[PDB]
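Notes follow the structure.
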Amino acid sequence: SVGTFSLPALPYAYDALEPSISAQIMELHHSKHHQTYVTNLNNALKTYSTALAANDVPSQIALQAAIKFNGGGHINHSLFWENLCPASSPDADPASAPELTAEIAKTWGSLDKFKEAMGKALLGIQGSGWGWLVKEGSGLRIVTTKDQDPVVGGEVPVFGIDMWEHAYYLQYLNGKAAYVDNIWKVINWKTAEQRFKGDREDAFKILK
Amino acid sequence: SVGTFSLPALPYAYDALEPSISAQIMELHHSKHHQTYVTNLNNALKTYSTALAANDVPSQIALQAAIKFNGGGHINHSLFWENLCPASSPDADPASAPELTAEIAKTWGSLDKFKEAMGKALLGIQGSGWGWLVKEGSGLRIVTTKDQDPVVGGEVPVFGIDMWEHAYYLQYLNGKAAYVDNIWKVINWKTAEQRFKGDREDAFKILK
Amino acid sequence: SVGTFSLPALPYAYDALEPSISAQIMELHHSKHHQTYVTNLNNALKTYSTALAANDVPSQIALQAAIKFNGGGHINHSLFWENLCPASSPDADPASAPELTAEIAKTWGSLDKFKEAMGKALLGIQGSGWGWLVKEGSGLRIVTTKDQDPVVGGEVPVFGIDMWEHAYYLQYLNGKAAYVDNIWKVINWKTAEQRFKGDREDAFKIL
Amino acid sequence: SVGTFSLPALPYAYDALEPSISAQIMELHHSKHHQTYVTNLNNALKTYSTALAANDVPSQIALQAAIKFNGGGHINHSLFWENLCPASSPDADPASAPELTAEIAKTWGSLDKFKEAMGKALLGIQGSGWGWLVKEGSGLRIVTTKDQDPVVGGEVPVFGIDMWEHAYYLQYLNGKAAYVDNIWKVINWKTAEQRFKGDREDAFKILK
Ligand SMILES: [Mn+2]
Ligand SMILES: [Mn+2]
Ligand SMILES: [Mn+2]
Ligand SMILES: [Mn+2]
């Protein structure tokens, strides 16, 4: 039936990503922001099914923003929690992603240069948005999305980093550069390797 | 059933709007451009139906652009044919719309000053789009929409003028100012009066 | 000389808007966020000035995003500080704005109905942006702008409310509804009345 | 001094791209559309010079839409005329572009599959816009731009194809598929090769 999504539990405790991300942020981000996206996604999808069955095209178009914003919020945050892990986990080691790092090194020259390029794109976002490493065809690309827009159909998301102010402000204030510097310690490279090796449908399987 | 829209017949013959709009433009515009929007709207809606029942949010979001573009294309042209009529028809006399023209005069000063204001907005559209007279509450506003974006936000559309190049190029070449000057002769003020006196749902009944 | 905008001083101390807006937010909002928009605006205008003289149109177009983002950031925040004041100030009383409130009541029915309608627009902003009460001709309208986009040429801004998360998150966390409820206590209605009675050029004289 | 652009002459006669593009379109496209972009760009640049000297940031921002639209119009058409040539010319032979066609074949598999992917992107444009083959770093990409937006700062334009309806409507009516199929015969692969081997400013040297 339509609109039966639920907030996924995190793979770790709310304080497991410290000191990179504070427990307060993880709790607010998951139990408030992501929760709201889930509930509002379900509400909009059920109303949309009514508009679709009645062939009400004006209502359908008017509902697109709520589905894109809340649907994207659910897609993006679901992907986000999964490509994070405690800094002490072996999954935080890029040696967990040999195939991905090889393609990363082939594209940007080195892992450090990819990190520099992505950091630049993350800090360059005006307003709210996300930075993504994506697979397009067989090649890798850094892309940004505004607000909660999900990665555009055709690209395989490898990992994403949330640059909305609620992802860092309580801990880093306006210092988003320090936030980006610290989040590398908690990137789940095992997850990134698995997404790089699968296709679009495989990546979105966590939503199931 | 989902996605069973069909192209409505015009209220007049293809040459009935001459000399303001040529028979060739009317036939191509109706039987090709509008027909394509109808067909591609129906295709997108059937695909959407599958993704909605499967709770496939990435596909639902990816389908939004086709639904808005082709759905808006169907909405906009359906309204368009109805707010046109042969220049010799009594429906082309603005005296057919006493309440609307009085409110127009209250807002812009006179019918001529509104025509100049709407003309300016139409000629100012960069690229493809539409100009609309809309009712917001009890007041009137001139708005433009890009591409085939419809006036679906809550406003009641009173009449629209298509500024896509296919609406005039074969007859007026790049002279869109001459096209706008001549379309006033075939504006259906009887239709505009009914929309001005009705609500949002009445105006969209044309889609039935 | 090109690109000499500076950070305007606030009309009050950093803690003057408590309890509606904390001193910590005011100091960060003013001394870091707004200051950054000023500096990057000046940098963008200096580069643009040469690209304009060189008839280098690709550079001019490539610089537009920084000029709109940082220029709007400077415009919006400069307007913002001026239509805020301490809650006990006489300027926080809407009786300080007789002509504006009369037109507000004529348009929305009452001041409460207008506050709710603007609240709805503020809370509906997806992502970062601003809510504005503006004058177009003789009538009032509620509009929202994305990111730091300033109010569209032709409208006179009457007052604006910042809905960027940095404007409230340290104090209200995700509770933007409570932020909006409390910011009504520190709206400067004397400033709003003055903007309502002047034109677009008047409201932009503070820069 | 500011705003002294002029309409460049075509590299060939108005009928030189026939039969792919008619002389009627070439003359209107060049002497009316592109000419209007030049004139309106110069006016906007002069007005900006006034707003800049007055330290008027609101007017500067309000002027951006006219500078991007007319400045982009001038850039895109200037590049466009240069990457077209008579179909019987040796420059129309893709063998004139050995390094570029090798990178195309390495990226898309063959020239025919690249033409197929670009054709799909060109026909997929909603409203007015352009399709581009661009270079980013060492890689090739098909991108589209809306209205007269020029290619995003950072990419090197290799060649563009105008999908505004004024580019084909008089000759092909709504048949943009026939227009694209025929324009391949007049693509200047000598121009494309030179741009592929140069950088961003080299490609914009045509504006001098
Ligand atoms: Mn988030
Ligand atoms: Mn049309
Ligand atoms: Mn702010
Ligand atoms: Mn063109």
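How things are named: the first chain in the structure tokens is A, the next is B, and so on; residues count from 1 in each chain; ligands count from 1 in the order shown.
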Each residue of chain A with at least one atom at most 10 Å from chain C should appear once, together with its nearest atom pair and the corresponding distance in Å (one decimal); atoms considered: only C-alpha atoms; ordering: chain, then increasing residue number; output as a Markdown table.
```
| residue | atom | partner | partner_atom | distance |
| --- | --- | --- | --- | --- |
| A:25 | CA | C:173 | CA | 9.5 |
| A:28 | CA | C:174 | CA | 7.6 |
| A:29 | CA | C:174 | CA | 8.9 |
| A:32 | CA | C:174 | CA | 7.4 |
| A:33 | CA | C:174 | CA | 7.4 |
| A:65 | CA | C:126 | CA | 9.1 |
| A:66 | CA | C:126 | CA | 9.3 |
| A:69 | CA | C:126 | CA | 7.4 |
| A:70 | CA | C:126 | CA | 9.8 |
| A:126 | CA | C:147 | CA | 7.0 |
| A:127 | CA | C:147 | CA | 5.1 |
| A:128 | CA | C:127 | CA | 5.3 |
| A:129 | CA | C:127 | CA | 7.8 |
| A:146 | CA | C:127 | CA | 8.1 |
| A:147 | CA | C:127 | CA | 5.1 |
| A:148 | CA | C:127 | CA | 7.8 |
| A:164 | CA | C:127 | CA | 8.0 |
| A:165 | CA | C:165 | CA | 6.0 |
| A:166 | CA | C:165 | CA | 6.7 |
| A:169 | CA | C:166 | CA | 7.2 |
| A:170 | CA | C:170 | CA | 6.0 |
| A:171 | CA | C:170 | CA | 9.5 |
| A:173 | CA | C:28 | CA | 8.1 |
| A:174 | CA | C:32 | CA | 7.4 |
| A:175 | CA | C:32 | CA | 9.7 |
```
Show me, as a VMD selection string, the residues of chain B whose atoms get within 10 Å of chain A, using only C-alpha atoms for the distance check. chain B and resid 1 to 5 41 45 to 46 48 to 49 52 to 65 67 to 72 74 to 75 149 to 154 201 204 207 to 208
Would you output that residue set with N, CA and C atoms, as a short mmCIF file (atom, residue, chain, number, x, y, z; two decimals), in the first residue's frame?
```cif
data_model
loop_
_atom_site.label_atom_id
_atom_site.label_comp_id
_atom_site.auth_asym_id
_atom_site.auth_seq_id
_atom_site.Cartn_x
_atom_site.Cartn_y
_atom_site.Cartn_z
N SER B 1 -9.66 5.02 -15.16
CA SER B 1 -8.34 4.49 -15.44
C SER B 1 -7.32 5.61 -15.54
N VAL B 2 -6.07 5.29 -15.25
CA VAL B 2 -5.03 6.30 -15.20
C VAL B 2 -4.58 6.66 -16.60
N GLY B 3 -4.45 7.95 -16.86
CA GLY B 3 -3.84 8.41 -18.09
C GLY B 3 -4.64 8.12 -19.34
N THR B 4 -5.90 8.55 -19.37
CA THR B 4 -6.73 8.37 -20.55
C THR B 4 -7.17 9.72 -21.11
N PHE B 5 -6.32 10.73 -20.97
CA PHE B 5 -6.64 12.03 -21.54
C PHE B 5 -6.61 11.95 -23.06
N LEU B 41 1.83 12.94 -21.63
CA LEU B 41 1.24 12.97 -20.30
C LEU B 41 0.67 11.60 -19.93
N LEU B 45 1.93 9.24 -16.79
CA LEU B 45 1.00 8.87 -15.72
C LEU B 45 0.92 7.36 -15.54
N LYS B 46 0.94 6.60 -16.63
CA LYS B 46 0.90 5.16 -16.47
C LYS B 46 2.17 4.65 -15.81
N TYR B 48 4.01 6.39 -13.79
CA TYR B 48 3.97 6.85 -12.40
C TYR B 48 3.12 5.91 -11.56
N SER B 49 2.00 5.46 -12.12
CA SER B 49 1.12 4.56 -11.39
C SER B 49 1.87 3.35 -10.87
N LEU B 52 4.29 4.47 -8.00
CA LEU B 52 3.56 4.83 -6.79
C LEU B 52 3.13 3.60 -6.01
N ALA B 53 2.55 2.61 -6.70
CA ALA B 53 2.10 1.41 -5.99
C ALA B 53 3.27 0.63 -5.43
N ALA B 54 4.44 0.71 -6.07
CA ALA B 54 5.63 0.01 -5.62
C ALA B 54 6.41 0.81 -4.58
N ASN B 55 5.92 1.98 -4.18
CA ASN B 55 6.64 2.86 -3.25
C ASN B 55 8.07 3.10 -3.72
N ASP B 56 8.22 3.32 -5.02
CA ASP B 56 9.50 3.62 -5.66
C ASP B 56 9.58 5.14 -5.76
N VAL B 57 10.16 5.77 -4.74
CA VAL B 57 10.24 7.23 -4.69
C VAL B 57 11.25 7.79 -5.70
N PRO B 58 12.44 7.18 -5.89
CA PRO B 58 13.35 7.73 -6.92
C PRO B 58 12.72 7.82 -8.29
N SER B 59 11.99 6.78 -8.73
CA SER B 59 11.31 6.86 -10.02
C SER B 59 10.21 7.92 -10.02
N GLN B 60 9.44 8.00 -8.93
CA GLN B 60 8.39 9.01 -8.85
C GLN B 60 8.98 10.41 -9.04
N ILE B 61 10.09 10.70 -8.36
CA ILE B 61 10.71 12.01 -8.50
C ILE B 61 11.25 12.21 -9.92
N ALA B 62 11.87 11.17 -10.49
CA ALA B 62 12.42 11.28 -11.84
C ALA B 62 11.35 11.52 -12.89
N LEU B 63 10.12 11.09 -12.64
CA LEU B 63 9.00 11.26 -13.56
C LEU B 63 8.33 12.63 -13.44
N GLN B 64 8.69 13.42 -12.43
CA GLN B 64 7.96 14.66 -12.18
C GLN B 64 8.10 15.64 -13.34
N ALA B 65 9.30 15.74 -13.92
CA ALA B 65 9.52 16.72 -14.99
C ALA B 65 8.63 16.43 -16.19
N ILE B 67 5.75 14.86 -16.09
CA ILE B 67 4.35 15.07 -15.73
C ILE B 67 4.01 16.56 -15.72
N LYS B 68 4.90 17.40 -15.17
CA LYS B 68 4.65 18.84 -15.12
C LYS B 68 4.66 19.45 -16.52
N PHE B 69 5.66 19.07 -17.33
CA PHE B 69 5.81 19.63 -18.68
C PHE B 69 4.64 19.22 -19.57
N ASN B 70 4.32 17.93 -19.61
CA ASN B 70 3.25 17.47 -20.47
C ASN B 70 1.88 17.74 -19.85
N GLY B 71 1.77 17.61 -18.53
CA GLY B 71 0.52 17.98 -17.86
C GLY B 71 0.23 19.46 -17.95
N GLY B 72 1.25 20.29 -17.70
CA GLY B 72 1.08 21.72 -17.90
C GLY B 72 0.81 22.08 -19.35
N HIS B 74 -0.83 20.27 -21.48
CA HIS B 74 -2.23 19.96 -21.70
C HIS B 74 -3.15 20.98 -21.01
N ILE B 75 -2.83 21.36 -19.78
CA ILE B 75 -3.62 22.35 -19.07
C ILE B 75 -3.61 23.68 -19.83
N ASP B 149 4.95 25.27 -17.56
CA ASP B 149 4.50 25.35 -16.17
C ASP B 149 3.09 25.94 -16.12
N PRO B 150 2.15 25.27 -15.46
CA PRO B 150 0.78 25.79 -15.36
C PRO B 150 0.59 26.74 -14.18
N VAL B 151 -0.56 27.42 -14.19
CA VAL B 151 -0.94 28.32 -13.09
C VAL B 151 -1.74 27.44 -12.13
N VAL B 152 -1.04 26.71 -11.28
CA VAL B 152 -1.67 25.70 -10.43
C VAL B 152 -1.55 26.01 -8.94
N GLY B 153 -0.68 26.94 -8.55
CA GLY B 153 -0.50 27.41 -7.18
C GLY B 153 -1.65 27.89 -6.31
N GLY B 154 -2.90 27.91 -6.79
CA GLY B 154 -4.02 28.49 -6.06
C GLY B 154 -4.75 29.59 -6.82
N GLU B 201 -11.68 25.56 -9.46
CA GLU B 201 -12.21 24.29 -9.93
C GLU B 201 -13.05 24.46 -11.19
N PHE B 204 -10.80 24.74 -14.27
CA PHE B 204 -10.19 23.49 -14.70
C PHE B 204 -11.21 22.44 -15.14
N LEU B 207 -10.93 20.55 -18.51
CA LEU B 207 -10.14 19.34 -18.70
C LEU B 207 -10.98 18.07 -18.66
N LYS B 208 -12.24 18.15 -18.23
CA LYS B 208 -13.13 17.00 -18.04
C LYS B 208 -13.28 16.10 -19.28
#
```
Contact residues around residue 99 in chain D with only C-alpha atoms at 9 Å, ignoring same-chain residues under 5 positions, as a PyMOL selection string: chain D and resi 104+193+196-197
Could you write out the selected residues, including N, CA and C atoms, as a PDB file, in the first residue's frame?
```pdb
ATOM      1  N   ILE D 104      35.879  10.680 -28.306  1.00  0.00           N
ATOM      2  CA  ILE D 104      34.452  10.377 -28.408  1.00  0.00           C
ATOM      3  C   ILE D 104      34.231   8.869 -28.460  1.00  0.00           C
ATOM      4  N   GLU D 193      37.748  20.181 -33.316  1.00  0.00           N
ATOM      5  CA  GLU D 193      39.069  19.670 -32.969  1.00  0.00           C
ATOM      6  C   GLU D 193      39.939  20.751 -32.345  1.00  0.00           C
ATOM      7  N   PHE D 196      38.813  21.410 -28.855  1.00  0.00           N
ATOM      8  CA  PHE D 196      39.147  20.275 -27.994  1.00  0.00           C
ATOM      9  C   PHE D 196      40.602  20.318 -27.548  1.00  0.00           C
ATOM     10  N   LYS D 197      41.487  20.853 -28.382  1.00  0.00           N
ATOM     11  CA  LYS D 197      42.912  20.925 -28.082  1.00  0.00           C
ATOM     12  C   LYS D 197      43.298  22.186 -27.318  1.00  0.00           C
TER      13      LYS D 197
END
```
Non-local contacts of residue 176 in chain B (9 Å; only C-alpha atoms; under 3 positions in same chain excluded) as number ranges by chain: B: 122-123, 163, 165, 168-169, 172-173, 179-181
Enumerate the residues of range 10-197 of chain B with a DSSP assignment of strand (DSSP E or B), computed from the backbone, and present them as a ChimeraX atom specification. /B:84,129-136,139-146,156-162,187
Please provide the set of residues having any atom within 10 Å of range 5-13 of chain C, restricted to only C-alpha atoms, with same-chain residues fewer than 3 positions apart removed, written as number ranges by chain. C: 2, 16-17, 23, 26-27, 30-31, 34-39, 41-42, 71, 74, 77-78, 80-86, 206-207; D: 55
Same residues, N, CA and C atoms, saved as an mmCIF file, in the first residue's frame:
```cif
data_model
loop_
_atom_site.group_PDB
_atom_site.id
_atom_site.type_symbol
_atom_site.label_atom_id
_atom_site.label_comp_id
_atom_site.auth_asym_id
_atom_site.auth_seq_id
_atom_site.Cartn_x
_atom_site.Cartn_y
_atom_site.Cartn_z
ATOM 1 N N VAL C 2 35.366 51.126 -6.219
ATOM 2 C CA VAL C 2 34.540 49.927 -6.311
ATOM 3 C C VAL C 2 34.823 49.003 -5.132
ATOM 4 N N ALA C 16 20.335 42.601 22.979
ATOM 5 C CA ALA C 16 19.167 43.463 23.141
ATOM 6 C C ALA C 16 17.869 42.799 22.711
ATOM 7 N N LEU C 17 17.932 41.735 21.915
ATOM 8 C CA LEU C 17 16.736 41.079 21.394
ATOM 9 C C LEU C 17 16.339 39.848 22.197
ATOM 10 N N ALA C 23 21.869 36.423 22.338
ATOM 11 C CA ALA C 23 23.053 37.209 22.012
ATOM 12 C C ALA C 23 24.063 36.397 21.212
ATOM 13 N N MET C 26 22.927 36.549 17.595
ATOM 14 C CA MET C 26 23.111 37.886 17.041
ATOM 15 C C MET C 26 24.580 38.166 16.724
ATOM 16 N N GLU C 27 25.492 37.761 17.611
ATOM 17 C CA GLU C 27 26.906 38.034 17.388
ATOM 18 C C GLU C 27 27.448 37.229 16.209
ATOM 19 N N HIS C 30 25.733 38.538 12.813
ATOM 20 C CA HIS C 30 26.250 39.834 12.394
ATOM 21 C C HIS C 30 27.743 39.754 12.082
ATOM 22 N N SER C 31 28.545 39.294 13.055
ATOM 23 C CA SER C 31 29.991 39.427 12.940
ATOM 24 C C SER C 31 30.639 38.368 12.053
ATOM 25 N N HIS C 34 27.057 37.932 8.138
ATOM 26 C CA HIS C 34 26.914 39.177 7.387
ATOM 27 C C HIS C 34 28.267 39.730 6.981
ATOM 28 N N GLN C 35 29.256 39.668 7.881
ATOM 29 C CA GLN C 35 30.602 40.125 7.536
ATOM 30 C C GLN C 35 31.153 39.378 6.331
ATOM 31 N N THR C 36 30.899 38.066 6.250
ATOM 32 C CA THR C 36 31.394 37.289 5.114
ATOM 33 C C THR C 36 30.732 37.731 3.811
ATOM 34 N N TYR C 37 29.415 37.996 3.841
ATOM 35 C CA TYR C 37 28.739 38.505 2.645
ATOM 36 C C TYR C 37 29.333 39.842 2.201
ATOM 37 N N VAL C 38 29.660 40.732 3.147
ATOM 38 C CA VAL C 38 30.252 42.018 2.777
ATOM 39 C C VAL C 38 31.594 41.820 2.076
ATOM 40 N N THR C 39 32.479 41.024 2.677
ATOM 41 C CA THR C 39 33.811 40.825 2.110
ATOM 42 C C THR C 39 33.734 40.187 0.725
ATOM 43 N N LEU C 41 31.207 40.120 -1.319
ATOM 44 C CA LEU C 41 30.599 41.061 -2.253
ATOM 45 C C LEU C 41 31.646 42.033 -2.795
ATOM 46 N N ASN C 42 32.453 42.632 -1.905
ATOM 47 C CA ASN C 42 33.490 43.557 -2.358
ATOM 48 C C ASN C 42 34.465 42.861 -3.310
ATOM 49 N N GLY C 71 25.671 39.996 -2.572
ATOM 50 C CA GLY C 71 24.972 41.269 -2.602
ATOM 51 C C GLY C 71 23.606 41.204 -1.949
ATOM 52 N N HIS C 74 24.116 40.983 1.822
ATOM 53 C CA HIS C 74 24.326 42.290 2.429
ATOM 54 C C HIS C 74 23.037 43.095 2.479
ATOM 55 N N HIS C 77 20.406 41.343 5.156
ATOM 56 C CA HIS C 77 20.776 41.468 6.565
ATOM 57 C C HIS C 77 20.781 42.925 7.017
ATOM 58 N N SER C 78 21.208 43.848 6.141
ATOM 59 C CA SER C 78 21.143 45.262 6.489
ATOM 60 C C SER C 78 19.703 45.687 6.750
ATOM 61 N N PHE C 80 17.392 43.644 7.653
ATOM 62 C CA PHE C 80 16.941 42.842 8.786
ATOM 63 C C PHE C 80 17.232 43.538 10.115
ATOM 64 N N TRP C 81 18.493 43.934 10.348
ATOM 65 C CA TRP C 81 18.821 44.533 11.642
ATOM 66 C C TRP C 81 17.973 45.774 11.908
ATOM 67 N N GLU C 82 17.641 46.526 10.861
ATOM 68 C CA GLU C 82 16.896 47.762 11.052
ATOM 69 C C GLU C 82 15.423 47.522 11.362
ATOM 70 N N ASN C 83 14.793 46.445 10.845
ATOM 71 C CA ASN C 83 13.424 46.145 11.260
ATOM 72 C C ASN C 83 13.361 45.157 12.438
ATOM 73 N N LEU C 84 14.388 45.140 13.287
ATOM 74 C CA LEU C 84 14.343 44.498 14.596
ATOM 75 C C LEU C 84 14.633 45.554 15.665
ATOM 76 N N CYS C 85 14.097 45.348 16.868
ATOM 77 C CA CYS C 85 14.332 46.235 18.007
ATOM 78 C C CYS C 85 13.979 45.480 19.290
ATOM 79 N N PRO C 86 14.445 45.950 20.452
ATOM 80 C CA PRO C 86 14.097 45.268 21.712
ATOM 81 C C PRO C 86 12.588 45.215 21.918
ATOM 82 N N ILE C 206 19.981 52.722 3.263
ATOM 83 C CA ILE C 206 20.838 52.325 4.377
ATOM 84 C C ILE C 206 22.145 51.675 3.939
ATOM 85 N N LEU C 207 22.261 51.256 2.681
ATOM 86 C CA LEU C 207 23.511 50.692 2.163
ATOM 87 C C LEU C 207 24.426 51.801 1.623
ATOM 88 N N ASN D 55 27.481 52.500 -7.032
ATOM 89 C CA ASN D 55 27.482 51.523 -5.946
ATOM 90 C C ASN D 55 26.071 51.064 -5.624
#
```
